[PDB]
Q: 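Submitted below is the structure of interest, expressed as structure tokens.
By convention here, the first residue in the shown sequence is residue 1. Worth knowing before you read on, the calculation uses all heavy atoms, side chains too, and leaves out hydrogens, waters and symmetry mates.
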Amino acid sequence: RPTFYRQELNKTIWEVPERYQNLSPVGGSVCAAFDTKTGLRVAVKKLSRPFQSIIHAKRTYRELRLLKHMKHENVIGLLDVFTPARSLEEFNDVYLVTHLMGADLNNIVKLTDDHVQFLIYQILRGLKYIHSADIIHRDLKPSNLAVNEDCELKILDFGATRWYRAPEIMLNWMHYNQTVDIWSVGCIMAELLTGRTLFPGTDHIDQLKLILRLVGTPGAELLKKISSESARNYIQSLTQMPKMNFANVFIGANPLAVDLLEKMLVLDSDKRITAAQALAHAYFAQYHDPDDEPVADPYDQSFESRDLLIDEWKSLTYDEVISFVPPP
Ligand SMILES: Cc1ccc(-n2nc(C(C)(C)C)cc2NC(=O)N[C@H]2CC[C@@H](Oc3ccc4nnc(C(C)C)n4c3)c3ccccc32)cc1
Ligand SMILES: Fc1ccc(-c2c[nH]nc2-c2ccnc(F)c2)cc1
């Protein structure tokens, strides 16, 4: 068992192995550190009172289980996970360690067409992987994309969101699909090409109106899929609007970029391009290699249907800390 040392940083106590030096805040709370074992800089997340409730306890387990599974160049992965606790009984703190990228996509974004190709290619390559595990990110946005000085990119999730959200989520459809993430990538790509927020809505109603102004009000095929009478009464009561000409709206962009945007920002989620289809789009011909775009190992999310005690979620989490094997 390693030797821990204790310090206070910003009202927060950090008790970490001596392996990790030079802790400095960035954000749970997050520190940058130096990993003396590898010579690389790391980000360390301390979970805030991980067993305060059944929902916290289940969140704690969910994040550890997801981060242990993710092994892809464009998705956050775990270098280490530790607790200063020496027994299950005393276990009350979880620390997660990953590679420090040093910036997010806002920070980058303060870009050529070639930069946009490479950045969106990497997002889609990570999303292919995630979606192959039957996971939906649900909150992709610039601040959940970590970028290093080489413009290498990883998807993560820190836990306005609404600006990149799919319209079917603003409408509160409970049966939305993976392509909510492709909507978000569309919103991000538009913002990298134009340097403006595509849909900077002030609330869920404002956000939906900005969206329908570009993509048009629902057509008949989509209206027939809407179960909610109140949702339909509302949408069909708006001034009806055609889909705009994306070629006019994004005029000046690489027409190949515009063509992909149209495939991502289709209003009916059933007609949106998937991540795997998007990687094969001609816009990524300089990056696409179907032999180097892997899918995930099977991901057991059956725990999500369970109603357990805090102590049960805690013991499961504890077993996941103990079984952790670092990457070579
Ligand atoms: C309840 C729950 C919450 C999140 C999730 N989740 N789901 C996912 C995917 C994408 C769906 C697979 C990922 C996560 N969790 C997650 O991403 N953790 C990050 C959150 C902050 C992060 O801080 C970092 C990390 C790297 C980094 N590089 N640069 C900088 C800035 C300081 C500039 N970083 C700043 C982190 C540092 C350690 C360890 C972990 C983490 C699942 C469940
Ligand atoms: F104004 C609208 C109307 C429909 C959507 C929408 C987009 N894709 N899928 C849907 C959808 C499908 C089934 N039920 C729903 F409630 C929504 C988005 C905004």
Q: Parallel under 30°, tilted from 30 to 60°, perpendicular over 60°: which one fits the rings of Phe199 and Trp183?
A: parallel
Q: For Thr60 and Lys314, run side-chain hydrogen bond (donor to acceptor under 3.5 Å, both in side chains): C-alpha distance rounded to whole Å, both residues' side-chain angles, the deciding distance at 0.1 Å, then the answer.
A: CA-CA 8 Å; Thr60 292; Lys314 168 176 204 209; over 6 Å; no
Q: Set out, in order, the CA-CA distance, both residues' side-chain angles and the distance that settles ring pair (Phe, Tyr, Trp, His ring centres under 6.0 Å) for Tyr20 and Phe34, then state yes or no.
A: CA-CA 6 Å; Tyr20 299 111; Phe34 185 78; 9.9 Å; no
Q: Thinking salt bridges, do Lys271 and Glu221 make one under a 4.0 Å N-O criterion?
A: yes
Q: One pair to check against side-chain hydrogen bond (donor to acceptor under 3.5 Å, both in side chains): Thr112 and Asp114. What are the steps and the verdict?
A: CA-CA 5 Å; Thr112 74; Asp114 287 359; 5.2 Å; no
Q: What class does the angle between the rings of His72 and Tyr129 fall in, given that below 30° is parallel, 30 to 60° is tilted and above 60° is perpendicular?
A: tilted
Q: Mind checking the OG-CD1 spacing from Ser315 to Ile310? Nearest 0.5 Å is all I need.
A: 14.0 Å
Q: Scan side-chain atoms only and decide if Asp139 and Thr161 contain a donor-acceptor pair under the 3.5 Å cut-off.
A: yes
Q: What verdict does the salt bridge (charged side-chain N to carboxylate O under 4.0 Å, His left out) test give for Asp93 and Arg49, after you've listed the backbone C-alpha separation in whole Å, the side-chain angles of each residue and the deciding distance to 0.1 Å?
A: CA-CA 7 Å; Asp93 270 318; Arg49 260 166 305 254; over 6 Å; no
Q: Any non-hydrogen side-chain atom of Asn107 less than 4.5 Å from a side-chain atom of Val147?
A: no
Q: Among the clusters formed by ILVMFWY side chains lying less than 4.5 Å apart, do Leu79 and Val26 turn up in the same one?
A: no
Q: Do the ring planes of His281 and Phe284 sit parallel (below 30°), tilted (30 to 60°) or perpendicular (above 60°)?
A: perpendicular
Q: Using modelled atom types and a 3.5 Å cut-off, is there a donor and acceptor pairing between side-chain atoms of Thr83 and backbone atoms of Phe91?
A: no
Q: Decide whether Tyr176 and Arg138 meet the rule of one side-chain donor and one side-chain acceptor closer than 3.5 Å.
A: yes
Q: Using only heavy-atom distances, determine whether the side chains of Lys11 and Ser29 contain a donor-acceptor pair under 3.5 Å.
A: no
Q: Would you give the length of the straight line joining atom CZ of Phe51 to atom OH of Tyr61, rounded to the nearest 0.5 angstrom?
A: 11.5 Å
Q: Counting N and O atoms only, with roles assigned by atom type, does the side chain of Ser305 sit under 3.5 Å from a partner on the main chain of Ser302, one being a donor and the other an acceptor?
A: yes
Q: Less than 4.0 angstrom from a charged side-chain N to a carboxylate O is my criterion; do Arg272 and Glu168 meet it?
A: yes
Q: Before giving the answer on ring pair (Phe, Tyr, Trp, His ring centres under 6.0 Å), spell out for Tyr283 and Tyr121 the whole-Å C-alpha distance, their side-chain angles and the decisive distance to 0.1 Å.
A: CA-CA 9 Å; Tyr283 186 58; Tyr121 174 72; over 10 Å; no
Q: Any sub-3.5 Å donor-acceptor pair from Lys58's side-chain atoms to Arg306's backbone N or O?
A: yes
Q: For the pair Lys154 and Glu73, find out whether any cationic side-chain nitrogen is under 4.0 Å from an anionic carboxylate oxygen.
A: no
Q: Less than 3.5 Å apart, any donor N or O on the side chain of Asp181 or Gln178 sitting next to an acceptor on the other?
A: no
Q: Are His99 and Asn148 close enough, and set up right, to give a side-chain hydrogen bond (donor to acceptor under 3.5 Å, both in side chains), and what steps lead you there?
A: CA-CA 10 Å; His99 288 104; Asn148 63 22; over 6 Å; no
Q: Calculate, to the nearest 0.5 Å, the distance between atoms CE and CG belonging to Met170 and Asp203 respectively.
A: 10.0 Å
Q: Do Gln240 and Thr217 have side-chain atoms, one donor and one acceptor, less than 3.5 Å apart?
A: yes
Q: Ignoring hydrogens and geometry, is there a side-chain-to-backbone donor-acceptor pair from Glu63 to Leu96 under 3.5 Å?
A: no
